[PDB]
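Working notes, structure below.
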Amino acid sequence: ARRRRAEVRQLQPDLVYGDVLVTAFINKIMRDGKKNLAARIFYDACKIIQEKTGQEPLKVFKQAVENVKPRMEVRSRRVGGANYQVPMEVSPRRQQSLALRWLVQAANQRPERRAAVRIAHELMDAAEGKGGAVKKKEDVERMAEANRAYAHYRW
Amino acid sequence: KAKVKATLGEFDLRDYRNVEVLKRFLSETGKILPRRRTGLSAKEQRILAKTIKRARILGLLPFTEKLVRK
Amino acid sequence: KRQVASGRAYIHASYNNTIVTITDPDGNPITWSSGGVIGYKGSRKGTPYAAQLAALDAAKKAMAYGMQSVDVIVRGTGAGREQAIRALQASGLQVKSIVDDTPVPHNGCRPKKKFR
RNA sequence: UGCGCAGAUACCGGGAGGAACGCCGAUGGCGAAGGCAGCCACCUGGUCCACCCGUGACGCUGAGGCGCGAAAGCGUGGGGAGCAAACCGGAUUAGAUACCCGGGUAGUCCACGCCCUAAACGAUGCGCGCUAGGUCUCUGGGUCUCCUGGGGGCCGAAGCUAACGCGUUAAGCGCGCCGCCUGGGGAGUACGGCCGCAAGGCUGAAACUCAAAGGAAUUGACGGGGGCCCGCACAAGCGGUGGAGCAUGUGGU
Ligand SMILES: [Mg+2]
Ligand SMILES: [Mg+2]
Ligand SMILES: [Mg+2]
Ligand SMILES: [Mg+2]
Ligand SMILES: [Mg+2]
Ligand SMILES: [Mg+2]
Ligand SMILES: [Mg+2]
Ligand SMILES: [Mg+2]
Ligand SMILES: [Mg+2]
Ligand SMILES: [Mg+2]
Ligand SMILES: [Mg+2]
Ligand SMILES: [Mg+2]
Ligand SMILES: [Mg+2]
Ligand SMILES: [Mg+2]
Ligand SMILES: [Mg+2]
Ligand SMILES: [Mg+2]
Ligand SMILES: [Mg+2]
Ligand SMILES: [Mg+2]
Ligand SMILES: [Mg+2]
Ligand SMILES: [Mg+2]
Ligand SMILES: [Mg+2]
Ligand SMILES: [Mg+2]
Ligand SMILES: [Mg+2]
Ligand SMILES: [Mg+2]
Ligand SMILES: [Mg+2]
Ligand SMILES: [Mg+2]
Ligand SMILES: [Mg+2]
Ligand SMILES: [Mg+2]
Ligand SMILES: [Mg+2]
Ligand SMILES: [Mg+2]
Ligand SMILES: [Mg+2]
Ligand SMILES: [Mg+2]
Ligand SMILES: [Mg+2]
Ligand SMILES: [Mg+2]
Ligand SMILES: [Mg+2]
Ligand SMILES: [Mg+2]
Ligand SMILES: [Mg+2]
Ligand SMILES: [Mg+2]
Ligand SMILES: [Mg+2]
Ligand SMILES: [Mg+2]
Ligand SMILES: [Mg+2]
Ligand SMILES: [Mg+2]
Ligand SMILES: [Mg+2]
Ligand SMILES: [Mg+2]
Ligand SMILES: [Mg+2]
Ligand SMILES: [Mg+2]
Ligand SMILES: [Mg+2]
Ligand SMILES: [Mg+2]
Ligand SMILES: [Mg+2]
Ligand SMILES: [Mg+2]
């Protein structure tokens, strides 16, 4: 976007939870344009997390997303020859996409056979502070505070 | 900001021994204020400089000072 | 083993490193730190974060001798010259006064080709 | 590389030594040019203003001569902190006989004697007379919004100029005198001479060779020049190719 701000798309509220954060997550699961497949995966995974754990799948979904949100990341900036890893804050919009993507990516590295089984379990672990999505978040937050010597390059 | 000659009396620019007035022309450091800040004429600045430098040798005016700030 | 409880802290800031010395009121040093005293080795020493830690490393060492009041003396231009000071103010050591004493010649010595 | 446990760097005190003068400092001042910045005293040159006193054309320029002449370099003797040709190393690199980093001799400073070059530039020789102004400034005098000298800048009348530009600080208009130029390369070379301790300087060709060498300005183009702004150009993101097997096209054979 060289000209405009590139306004953000406004997703449709969820059909079940009326929540936009759910619909965006269902999209991240969808592949090859099969949204009916993605929603059935996400919604069946709500049954797994609501039975094997006696809490609201709505609240755990949000609680899992909040724990994967990184507060800081690193970016590369060309300075006097080779560039540097420069730590800087994450836009709240960027914390949205990053956590969701990591949650879906981490759940597919899981052992579980069926998709919804991986999603529910990943969300359960992510909500508890463990799980593969939180590791990526913690490892990124490790990149910051490590190259923190370059905090003068903020840009 | 006011200029040094503006808030001052009728003083001898050639008297190297009057420190109370000559101190007024030095900065927070021992440097001599430029003509913008002294309001003095071209000839008056030439005279002030040598008389200030004179007093610096008698120990009456400092060569350089230390800035208490930043 | 001294208990001076007050003294002076000198900040020497160059573009290649920043180092801090902490002395008693008559000027004799107590403890000191630098960008090399903390882990940093190369051009990282000239970074302000190094100046921040070096200041805090020296501050904590002065705590062991009981330092509370600190008069700050600054010498040199360089990155983290200020960042070294702002680390001293929040180190717990009360900063009594800050003075810039950087030695400037009256054009007495011919500089290296670098500086001409 | 180097320096540091034989205790550096950083910090306080004391001492030694050499070189250069921060601020003031200026787009400023002074000199014939080179050039001249701490302060004090002595010796001393130039220059400018007022008075309208004195001399009474005593003036201008100037081949030769003579004196001066940044830096570097030379001789003798000193001096030597910092910088630093050469050089010793460390890196970089395709290579590094360099740019960058650590060292370091001459030298840079002083005295006395040489050397005589320079983009020694205003690339504009000196003196005098004449030709609109406006503005900034250094320095004198004045009845001191200002007038009047003598310098240093910028715009600009007329005019000049190939053009840029110059324009009472002429590159204008005139006059006097000195120096100097006659296409480029060869060549500031060869020879001879004069000078020099040397390095070299002053003077300064020919054969041969070429149809050019040059100046200013124009439109473009380019910049590892500047500003401003676009495109899935980058970035953010999603799926790919490069691997496998096959289909097809090309290279090669
Ligand atoms: Mg590059
Ligand atoms: Mg360094
Ligand atoms: Mg060693
Ligand atoms: Mg050793
Ligand atoms: Mg000392
Ligand atoms: Mg010595
Ligand atoms: Mg100056
Ligand atoms: Mg002159
Ligand atoms: Mg000159
Ligand atoms: Mg005199
Ligand atoms: Mg005189
Ligand atoms: Mg008369
Ligand atoms: Mg007569
Ligand atoms: Mg004459
Ligand atoms: Mg002659
Ligand atoms: Mg001579
Ligand atoms: Mg000479
Ligand atoms: Mg010389
Ligand atoms: Mg010599
Ligand atoms: Mg050196
Ligand atoms: Mg060197
Ligand atoms: Mg080498
Ligand atoms: Mg090598
Ligand atoms: Mg190369
Ligand atoms: Mg000559
Ligand atoms: Mg002529
Ligand atoms: Mg007057
Ligand atoms: Mg004039
Ligand atoms: Mg003009
Ligand atoms: Mg005309
Ligand atoms: Mg004339
Ligand atoms: Mg002409
Ligand atoms: Mg000639
Ligand atoms: Mg010819
Ligand atoms: Mg010729
Ligand atoms: Mg020659
Ligand atoms: Mg001959
Ligand atoms: Mg000869
Ligand atoms: Mg001879
Ligand atoms: Mg020689
Ligand atoms: Mg020669
Ligand atoms: Mg030419
Ligand atoms: Mg041309
Ligand atoms: Mg045009
Ligand atoms: Mg262009
Ligand atoms: Mg290139
Ligand atoms: Mg570059
Ligand atoms: Mg693209
Ligand atoms: Mg991309
Ligand atoms: Mg293939």
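We name chains A, B, ... following the order of the structure tokens; residues begin at 1 in each chain, and ligands are numbered from 1 as shown.
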Can you list, as an mmCIF file with N, CA, C and O atoms, in the first residue's frame, all residues belonging to stretch 24-155 of chain A that DSSP tags as alpha helix (DSSP H)?
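Saved to out07.cif:
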```cif
data_model
loop_
_atom_site.group_PDB
_atom_site.id
_atom_site.type_symbol
_atom_site.label_atom_id
_atom_site.label_comp_id
_atom_site.auth_asym_id
_atom_site.auth_seq_id
_atom_site.Cartn_x
_atom_site.Cartn_y
_atom_site.Cartn_z
ATOM 1 N N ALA A 24 -13.188 -15.280 11.607
ATOM 2 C CA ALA A 24 -11.837 -15.117 11.079
ATOM 3 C C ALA A 24 -11.003 -16.369 11.311
ATOM 4 O O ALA A 24 -10.231 -16.783 10.437
ATOM 5 N N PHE A 25 -11.151 -16.991 12.483
ATOM 6 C CA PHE A 25 -10.412 -18.215 12.772
ATOM 7 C C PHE A 25 -10.853 -19.355 11.862
ATOM 8 O O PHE A 25 -10.020 -20.128 11.376
ATOM 9 N N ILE A 26 -12.162 -19.477 11.624
ATOM 10 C CA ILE A 26 -12.665 -20.510 10.720
ATOM 11 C C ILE A 26 -12.063 -20.338 9.331
ATOM 12 O O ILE A 26 -11.759 -21.322 8.644
ATOM 13 N N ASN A 27 -11.870 -19.086 8.901
ATOM 14 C CA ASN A 27 -11.248 -18.827 7.606
ATOM 15 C C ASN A 27 -9.813 -19.330 7.572
ATOM 16 O O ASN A 27 -9.380 -19.922 6.577
ATOM 17 N N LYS A 28 -9.057 -19.097 8.648
ATOM 18 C CA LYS A 28 -7.682 -19.579 8.696
ATOM 19 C C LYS A 28 -7.614 -21.098 8.608
ATOM 20 O O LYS A 28 -6.603 -21.649 8.161
ATOM 21 N N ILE A 29 -8.676 -21.790 9.020
ATOM 22 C CA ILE A 29 -8.707 -23.244 8.889
ATOM 23 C C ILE A 29 -9.060 -23.646 7.465
ATOM 24 O O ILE A 29 -8.521 -24.623 6.931
ATOM 25 N N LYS A 35 -15.279 -23.591 2.999
ATOM 26 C CA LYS A 35 -15.627 -23.021 4.295
ATOM 27 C C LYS A 35 -16.611 -23.911 5.043
ATOM 28 O O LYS A 35 -16.554 -24.003 6.275
ATOM 29 N N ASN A 36 -17.512 -24.580 4.319
ATOM 30 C CA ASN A 36 -18.422 -25.515 4.972
ATOM 31 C C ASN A 36 -17.646 -26.620 5.676
ATOM 32 O O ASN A 36 -18.028 -27.067 6.764
ATOM 33 N N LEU A 37 -16.540 -27.060 5.078
ATOM 34 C CA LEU A 37 -15.670 -28.017 5.749
ATOM 35 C C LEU A 37 -15.024 -27.399 6.982
ATOM 36 O O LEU A 37 -14.992 -28.021 8.049
ATOM 37 N N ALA A 38 -14.518 -26.172 6.858
ATOM 38 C CA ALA A 38 -13.797 -25.550 7.965
ATOM 39 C C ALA A 38 -14.702 -25.340 9.171
ATOM 40 O O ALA A 38 -14.311 -25.618 10.310
ATOM 41 N N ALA A 39 -15.921 -24.843 8.941
ATOM 42 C CA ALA A 39 -16.824 -24.573 10.055
ATOM 43 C C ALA A 39 -17.192 -25.855 10.788
ATOM 44 O O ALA A 39 -17.217 -25.883 12.024
ATOM 45 N N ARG A 40 -17.473 -26.928 10.041
ATOM 46 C CA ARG A 40 -17.789 -28.206 10.672
ATOM 47 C C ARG A 40 -16.625 -28.709 11.515
ATOM 48 O O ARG A 40 -16.831 -29.310 12.575
ATOM 49 N N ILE A 41 -15.392 -28.475 11.061
ATOM 50 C CA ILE A 41 -14.225 -28.823 11.868
ATOM 51 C C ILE A 41 -14.209 -28.002 13.150
ATOM 52 O O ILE A 41 -14.077 -28.541 14.255
ATOM 53 N N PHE A 42 -14.339 -26.681 13.019
ATOM 54 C CA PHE A 42 -14.262 -25.813 14.187
ATOM 55 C C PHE A 42 -15.406 -26.076 15.155
ATOM 56 O O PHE A 42 -15.219 -26.027 16.375
ATOM 57 N N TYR A 43 -16.604 -26.348 14.632
ATOM 58 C CA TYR A 43 -17.765 -26.523 15.500
ATOM 59 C C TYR A 43 -17.774 -27.890 16.175
ATOM 60 O O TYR A 43 -18.150 -28.001 17.348
ATOM 61 N N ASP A 44 -17.370 -28.941 15.457
ATOM 62 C CA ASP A 44 -17.188 -30.231 16.110
ATOM 63 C C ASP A 44 -16.095 -30.165 17.165
ATOM 64 O O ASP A 44 -16.208 -30.814 18.211
ATOM 65 N N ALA A 45 -15.048 -29.372 16.922
ATOM 66 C CA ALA A 45 -14.009 -29.166 17.923
ATOM 67 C C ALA A 45 -14.521 -28.413 19.141
ATOM 68 O O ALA A 45 -13.911 -28.508 20.211
ATOM 69 N N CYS A 46 -15.615 -27.661 19.004
ATOM 70 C CA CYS A 46 -16.239 -27.052 20.174
ATOM 71 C C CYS A 46 -16.902 -28.100 21.054
ATOM 72 O O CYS A 46 -16.996 -27.918 22.273
ATOM 73 N N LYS A 47 -17.372 -29.197 20.455
ATOM 74 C CA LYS A 47 -17.949 -30.280 21.242
ATOM 75 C C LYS A 47 -16.878 -30.989 22.056
ATOM 76 O O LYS A 47 -17.095 -31.315 23.228
ATOM 77 N N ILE A 48 -15.712 -31.226 21.450
ATOM 78 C CA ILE A 48 -14.628 -31.920 22.141
ATOM 79 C C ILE A 48 -14.160 -31.121 23.349
ATOM 80 O O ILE A 48 -13.938 -31.672 24.434
ATOM 81 N N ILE A 49 -13.999 -29.808 23.180
ATOM 82 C CA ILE A 49 -13.507 -28.964 24.263
ATOM 83 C C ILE A 49 -14.572 -28.695 25.316
ATOM 84 O O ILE A 49 -14.231 -28.409 26.469
ATOM 85 N N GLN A 50 -15.852 -28.806 24.961
ATOM 86 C CA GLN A 50 -16.933 -28.580 25.905
ATOM 87 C C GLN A 50 -17.320 -29.838 26.672
ATOM 88 O O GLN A 50 -17.958 -29.729 27.724
ATOM 89 N N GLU A 51 -16.941 -31.024 26.190
ATOM 90 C CA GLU A 51 -17.233 -32.274 26.890
ATOM 91 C C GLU A 51 -16.058 -32.739 27.745
ATOM 92 O O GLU A 51 -16.212 -32.959 28.950
ATOM 93 N N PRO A 57 -16.822 -23.327 25.451
ATOM 94 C CA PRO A 57 -15.864 -23.212 24.340
ATOM 95 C C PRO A 57 -15.680 -21.784 23.857
ATOM 96 O O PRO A 57 -14.622 -21.462 23.303
ATOM 97 N N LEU A 58 -16.672 -20.914 24.060
ATOM 98 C CA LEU A 58 -16.504 -19.505 23.715
ATOM 99 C C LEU A 58 -15.377 -18.874 24.523
ATOM 100 O O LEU A 58 -14.464 -18.257 23.962
ATOM 101 N N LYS A 59 -15.419 -19.030 25.851
ATOM 102 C CA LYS A 59 -14.435 -18.378 26.711
ATOM 103 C C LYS A 59 -13.039 -18.966 26.534
ATOM 104 O O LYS A 59 -12.046 -18.236 26.634
ATOM 105 N N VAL A 60 -12.938 -20.272 26.279
ATOM 106 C CA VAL A 60 -11.623 -20.886 26.119
ATOM 107 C C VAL A 60 -11.009 -20.497 24.780
ATOM 108 O O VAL A 60 -9.786 -20.343 24.665
ATOM 109 N N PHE A 61 -11.841 -20.342 23.747
ATOM 110 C CA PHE A 61 -11.342 -19.889 22.453
ATOM 111 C C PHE A 61 -10.665 -18.530 22.577
ATOM 112 O O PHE A 61 -9.556 -18.324 22.069
ATOM 113 N N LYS A 62 -11.324 -17.589 23.254
ATOM 114 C CA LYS A 62 -10.722 -16.281 23.490
ATOM 115 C C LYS A 62 -9.503 -16.392 24.400
ATOM 116 O O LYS A 62 -8.474 -15.750 24.152
ATOM 117 N N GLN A 63 -9.601 -17.202 25.462
ATOM 118 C CA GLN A 63 -8.488 -17.361 26.394
ATOM 119 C C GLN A 63 -7.270 -17.976 25.718
ATOM 120 O O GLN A 63 -6.132 -17.633 26.058
ATOM 121 N N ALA A 64 -7.485 -18.883 24.763
ATOM 122 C CA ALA A 64 -6.366 -19.453 24.020
ATOM 123 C C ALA A 64 -5.723 -18.413 23.110
ATOM 124 O O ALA A 64 -4.493 -18.344 23.013
ATOM 125 N N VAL A 65 -6.539 -17.589 22.445
ATOM 126 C CA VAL A 65 -6.010 -16.578 21.530
ATOM 127 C C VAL A 65 -5.202 -15.531 22.288
ATOM 128 O O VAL A 65 -4.153 -15.074 21.818
ATOM 129 N N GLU A 66 -5.672 -15.138 23.474
ATOM 130 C CA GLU A 66 -4.999 -14.090 24.235
ATOM 131 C C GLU A 66 -3.603 -14.513 24.678
ATOM 132 O O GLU A 66 -2.697 -13.675 24.759
ATOM 133 N N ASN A 67 -3.405 -15.804 24.961
ATOM 134 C CA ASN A 67 -2.110 -16.282 25.431
ATOM 135 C C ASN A 67 -1.079 -16.410 24.315
ATOM 136 O O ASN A 67 0.124 -16.362 24.595
ATOM 137 N N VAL A 68 -1.518 -16.575 23.063
ATOM 138 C CA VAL A 68 -0.593 -16.668 21.936
ATOM 139 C C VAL A 68 -0.215 -15.299 21.386
ATOM 140 O O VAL A 68 0.739 -15.198 20.599
ATOM 141 N N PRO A 92 -1.772 -4.127 17.317
ATOM 142 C CA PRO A 92 -2.885 -4.964 17.797
ATOM 143 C C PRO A 92 -3.575 -5.725 16.684
ATOM 144 O O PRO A 92 -4.051 -6.845 16.909
ATOM 145 N N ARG A 93 -3.638 -5.149 15.483
ATOM 146 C CA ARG A 93 -4.138 -5.891 14.334
ATOM 147 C C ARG A 93 -3.218 -7.055 13.993
ATOM 148 O O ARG A 93 -3.688 -8.144 13.647
ATOM 149 N N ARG A 94 -1.900 -6.848 14.084
ATOM 150 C CA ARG A 94 -0.970 -7.930 13.769
ATOM 151 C C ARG A 94 -1.007 -9.029 14.823
ATOM 152 O O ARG A 94 -0.819 -10.207 14.497
ATOM 153 N N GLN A 95 -1.243 -8.669 16.086
ATOM 154 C CA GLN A 95 -1.421 -9.684 17.117
ATOM 155 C C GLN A 95 -2.645 -10.545 16.835
ATOM 156 O O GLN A 95 -2.682 -11.718 17.219
ATOM 157 N N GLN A 96 -3.649 -9.979 16.159
ATOM 158 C CA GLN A 96 -4.827 -10.743 15.758
ATOM 159 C C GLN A 96 -4.447 -11.890 14.830
ATOM 160 O O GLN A 96 -4.685 -13.064 15.134
ATOM 161 N N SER A 97 -3.846 -11.563 13.685
ATOM 162 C CA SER A 97 -3.560 -12.569 12.669
ATOM 163 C C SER A 97 -2.494 -13.553 13.133
ATOM 164 O O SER A 97 -2.603 -14.759 12.880
ATOM 165 N N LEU A 98 -1.454 -13.059 13.807
ATOM 166 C CA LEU A 98 -0.335 -13.922 14.174
ATOM 167 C C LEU A 98 -0.782 -15.044 15.102
ATOM 168 O O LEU A 98 -0.456 -16.216 14.879
ATOM 169 N N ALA A 99 -1.533 -14.706 16.150
ATOM 170 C CA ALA A 99 -1.976 -15.723 17.099
ATOM 171 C C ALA A 99 -2.868 -16.757 16.420
ATOM 172 O O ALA A 99 -2.706 -17.964 16.632
ATOM 173 N N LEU A 100 -3.813 -16.300 15.593
ATOM 174 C CA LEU A 100 -4.712 -17.220 14.899
ATOM 175 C C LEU A 100 -3.941 -18.150 13.973
ATOM 176 O O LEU A 100 -4.173 -19.364 13.959
ATOM 177 N N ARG A 101 -3.033 -17.587 13.173
ATOM 178 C CA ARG A 101 -2.229 -18.396 12.263
ATOM 179 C C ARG A 101 -1.396 -19.415 13.029
ATOM 180 O O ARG A 101 -1.362 -20.598 12.673
ATOM 181 N N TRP A 102 -0.719 -18.973 14.092
ATOM 182 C CA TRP A 102 0.089 -19.893 14.884
ATOM 183 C C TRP A 102 -0.763 -21.000 15.489
ATOM 184 O O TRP A 102 -0.332 -22.156 15.555
ATOM 185 N N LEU A 103 -1.975 -20.666 15.937
ATOM 186 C CA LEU A 103 -2.852 -21.678 16.520
ATOM 187 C C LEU A 103 -3.217 -22.744 15.496
ATOM 188 O O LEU A 103 -3.189 -23.942 15.801
ATOM 189 N N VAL A 104 -3.553 -22.330 14.273
ATOM 190 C CA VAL A 104 -3.906 -23.292 13.233
ATOM 191 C C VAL A 104 -2.673 -24.064 12.776
ATOM 192 O O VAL A 104 -2.735 -25.279 12.548
ATOM 193 N N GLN A 105 -1.538 -23.381 12.633
ATOM 194 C CA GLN A 105 -0.321 -24.063 12.204
ATOM 195 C C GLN A 105 0.156 -25.060 13.253
ATOM 196 O O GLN A 105 0.585 -26.168 12.912
ATOM 197 N N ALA A 106 0.085 -24.686 14.534
ATOM 198 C CA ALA A 106 0.551 -25.577 15.592
ATOM 199 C C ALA A 106 -0.353 -26.793 15.735
ATOM 200 O O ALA A 106 0.120 -27.891 16.051
ATOM 201 N N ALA A 107 -1.658 -26.618 15.516
ATOM 202 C CA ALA A 107 -2.581 -27.736 15.664
ATOM 203 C C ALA A 107 -2.368 -28.791 14.587
ATOM 204 O O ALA A 107 -2.657 -29.970 14.815
ATOM 205 N N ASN A 108 -1.870 -28.401 13.415
ATOM 206 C CA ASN A 108 -1.612 -29.380 12.370
ATOM 207 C C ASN A 108 -0.265 -30.073 12.527
ATOM 208 O O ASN A 108 -0.034 -31.098 11.877
ATOM 209 N N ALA A 115 -8.996 -33.737 12.436
ATOM 210 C CA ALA A 115 -8.697 -32.310 12.507
ATOM 211 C C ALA A 115 -9.250 -31.691 13.783
ATOM 212 O O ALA A 115 -8.506 -31.117 14.586
ATOM 213 N N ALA A 116 -10.566 -31.799 13.982
ATOM 214 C CA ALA A 116 -11.199 -31.186 15.144
ATOM 215 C C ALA A 116 -10.562 -31.644 16.447
ATOM 216 O O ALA A 116 -10.533 -30.886 17.423
ATOM 217 N N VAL A 117 -10.042 -32.874 16.484
ATOM 218 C CA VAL A 117 -9.347 -33.354 17.676
ATOM 219 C C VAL A 117 -8.091 -32.527 17.927
ATOM 220 O O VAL A 117 -7.780 -32.171 19.071
ATOM 221 N N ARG A 118 -7.353 -32.204 16.861
ATOM 222 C CA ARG A 118 -6.153 -31.387 17.007
ATOM 223 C C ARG A 118 -6.499 -29.974 17.449
ATOM 224 O O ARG A 118 -5.816 -29.395 18.301
ATOM 225 N N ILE A 119 -7.563 -29.406 16.880
ATOM 226 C CA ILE A 119 -7.922 -28.022 17.172
ATOM 227 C C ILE A 119 -8.308 -27.875 18.636
ATOM 228 O O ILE A 119 -7.766 -27.032 19.360
ATOM 229 N N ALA A 120 -9.260 -28.693 19.089
ATOM 230 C CA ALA A 120 -9.717 -28.610 20.472
ATOM 231 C C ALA A 120 -8.557 -28.788 21.443
ATOM 232 O O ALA A 120 -8.377 -27.988 22.367
ATOM 233 N N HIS A 121 -7.744 -29.824 21.231
ATOM 234 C CA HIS A 121 -6.623 -30.081 22.131
ATOM 235 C C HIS A 121 -5.613 -28.937 22.108
ATOM 236 O O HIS A 121 -5.109 -28.526 23.159
ATOM 237 N N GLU A 122 -5.312 -28.407 20.920
ATOM 238 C CA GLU A 122 -4.393 -27.276 20.829
ATOM 239 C C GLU A 122 -4.940 -26.073 21.584
ATOM 240 O O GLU A 122 -4.222 -25.431 22.358
ATOM 241 N N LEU A 123 -6.221 -25.761 21.375
ATOM 242 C CA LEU A 123 -6.856 -24.672 22.110
ATOM 243 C C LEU A 123 -6.841 -24.933 23.611
ATOM 244 O O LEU A 123 -6.633 -24.009 24.406
ATOM 245 N N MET A 124 -7.063 -26.184 24.020
ATOM 246 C CA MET A 124 -7.002 -26.520 25.439
ATOM 247 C C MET A 124 -5.601 -26.298 25.992
ATOM 248 O O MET A 124 -5.431 -25.723 27.072
ATOM 249 N N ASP A 125 -4.579 -26.754 25.265
ATOM 250 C CA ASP A 125 -3.211 -26.531 25.716
ATOM 251 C C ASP A 125 -2.852 -25.053 25.658
ATOM 252 O O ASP A 125 -2.286 -24.506 26.611
ATOM 253 N N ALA A 126 -3.180 -24.390 24.546
ATOM 254 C CA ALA A 126 -2.870 -22.971 24.408
ATOM 255 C C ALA A 126 -3.508 -22.157 25.524
ATOM 256 O O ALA A 126 -2.885 -21.235 26.063
ATOM 257 N N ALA A 127 -4.745 -22.488 25.894
ATOM 258 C CA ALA A 127 -5.395 -21.795 26.998
ATOM 259 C C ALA A 127 -4.713 -22.059 28.337
ATOM 260 O O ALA A 127 -4.854 -21.246 29.255
ATOM 261 N N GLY A 132 1.943 -25.877 21.181
ATOM 262 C CA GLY A 132 2.904 -25.432 20.185
ATOM 263 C C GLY A 132 2.747 -23.982 19.779
ATOM 264 O O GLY A 132 3.733 -23.322 19.438
ATOM 265 N N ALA A 133 1.517 -23.466 19.801
ATOM 266 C CA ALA A 133 1.302 -22.072 19.430
ATOM 267 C C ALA A 133 1.960 -21.130 20.428
ATOM 268 O O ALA A 133 2.554 -20.118 20.040
ATOM 269 N N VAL A 134 1.871 -21.454 21.720
ATOM 270 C CA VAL A 134 2.467 -20.604 22.743
ATOM 271 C C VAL A 134 3.988 -20.657 22.674
ATOM 272 O O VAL A 134 4.665 -19.679 23.015
ATOM 273 N N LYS A 135 4.552 -21.787 22.240
ATOM 274 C CA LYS A 135 6.002 -21.879 22.089
ATOM 275 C C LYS A 135 6.499 -20.892 21.040
ATOM 276 O O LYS A 135 7.481 -20.175 21.262
ATOM 277 N N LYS A 136 5.825 -20.835 19.887
ATOM 278 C CA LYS A 136 6.203 -19.863 18.866
ATOM 279 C C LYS A 136 6.094 -18.442 19.400
ATOM 280 O O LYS A 136 6.975 -17.609 19.155
ATOM 281 N N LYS A 137 5.026 -18.152 20.146
ATOM 282 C CA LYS A 137 4.876 -16.838 20.765
ATOM 283 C C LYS A 137 6.005 -16.563 21.749
ATOM 284 O O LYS A 137 6.608 -15.482 21.736
ATOM 285 N N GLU A 138 6.301 -17.531 22.620
ATOM 286 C CA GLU A 138 7.371 -17.341 23.594
ATOM 287 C C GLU A 138 8.725 -17.208 22.911
ATOM 288 O O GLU A 138 9.572 -16.424 23.354
ATOM 289 N N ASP A 139 8.946 -17.958 21.827
ATOM 290 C CA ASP A 139 10.216 -17.869 21.112
ATOM 291 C C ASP A 139 10.381 -16.528 20.408
ATOM 292 O O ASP A 139 11.506 -16.029 20.291
ATOM 293 N N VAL A 140 9.286 -15.937 19.926
ATOM 294 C CA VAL A 140 9.369 -14.610 19.323
ATOM 295 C C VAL A 140 9.673 -13.564 20.389
ATOM 296 O O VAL A 140 10.559 -12.718 20.219
ATOM 297 N N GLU A 141 8.947 -13.615 21.510
ATOM 298 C CA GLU A 141 9.239 -12.720 22.623
ATOM 299 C C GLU A 141 10.660 -12.899 23.135
ATOM 300 O O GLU A 141 11.186 -12.004 23.805
ATOM 301 N N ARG A 142 11.288 -14.036 22.835
ATOM 302 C CA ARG A 142 12.698 -14.218 23.145
ATOM 303 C C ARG A 142 13.595 -13.484 22.158
ATOM 304 O O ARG A 142 14.687 -13.048 22.536
ATOM 305 N N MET A 143 13.163 -13.340 20.900
ATOM 306 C CA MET A 143 13.949 -12.568 19.938
ATOM 307 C C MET A 143 14.047 -11.112 20.374
ATOM 308 O O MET A 143 15.139 -10.531 20.400
#
```
How would you write, as a list in words, the set of residues no farther than 12 Å from ligand 7 when counting only C-alpha atoms (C1' of nucleotides) and all ligand atoms?
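My answer, listing the contacting residues, is residues 34 of chain B; 22, 23, 24, 25, 26, 28 and 37 of chain D.
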Expected answer as a VMD selection string: residues within 10 Å of ligand 49, only C-alpha atoms (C1' of nucleotides) and all ligand atoms:
chain D and resid 232 234 to 237
For stretch 3-18 of chain C, please output as JSON, numbers by chain all residues within 6 Å (counting only C-alpha atoms (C1' of nucleotides); exclusion window: fewer than 3 positions along the same chain).
{"C": [21, 22, 23, 24, 25, 45, 46, 51, 65, 66, 67, 68, 69, 70, 71, 72, 73, 74, 75, 76, 77, 78, 81]}
Would you mind exporting the chosen residues as an mmCIF file, in the first residue's frame, restricted to C-alpha atoms?
```
data_model
loop_
_atom_site.group_PDB
_atom_site.id
_atom_site.type_symbol
_atom_site.label_atom_id
_atom_site.label_comp_id
_atom_site.auth_asym_id
_atom_site.auth_seq_id
_atom_site.Cartn_x
_atom_site.Cartn_y
_atom_site.Cartn_z
ATOM 1 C CA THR C 21 34.040 5.017 37.252
ATOM 2 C CA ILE C 22 32.730 5.679 40.775
ATOM 3 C CA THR C 23 34.918 7.521 43.290
ATOM 4 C CA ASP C 24 34.892 8.973 46.785
ATOM 5 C CA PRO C 25 34.483 12.764 47.172
ATOM 6 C CA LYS C 45 30.105 -1.830 23.534
ATOM 7 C CA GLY C 46 29.378 1.496 21.846
ATOM 8 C CA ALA C 51 26.020 2.068 28.556
ATOM 9 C CA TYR C 65 30.293 0.138 49.584
ATOM 10 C CA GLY C 66 27.161 1.915 50.835
ATOM 11 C CA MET C 67 26.950 4.692 48.231
ATOM 12 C CA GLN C 68 23.796 6.804 48.409
ATOM 13 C CA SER C 69 24.612 10.326 47.146
ATOM 14 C CA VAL C 70 26.197 10.673 43.707
ATOM 15 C CA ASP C 71 27.616 13.654 41.826
ATOM 16 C CA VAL C 72 27.690 12.896 38.091
ATOM 17 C CA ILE C 73 30.577 13.925 35.817
ATOM 18 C CA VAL C 74 30.274 13.413 32.048
ATOM 19 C CA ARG C 75 33.169 13.348 29.561
ATOM 20 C CA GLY C 76 32.778 12.790 25.850
ATOM 21 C CA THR C 77 30.269 12.589 23.032
ATOM 22 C CA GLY C 78 28.919 9.183 22.143
ATOM 23 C CA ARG C 81 26.232 9.093 26.940
#
```
Backbone-only DSSP, strand (DSSP E or B) members of stretch 6-139 of chain A, as a PyMOL selection string
chain A and resi 72-77+84-89
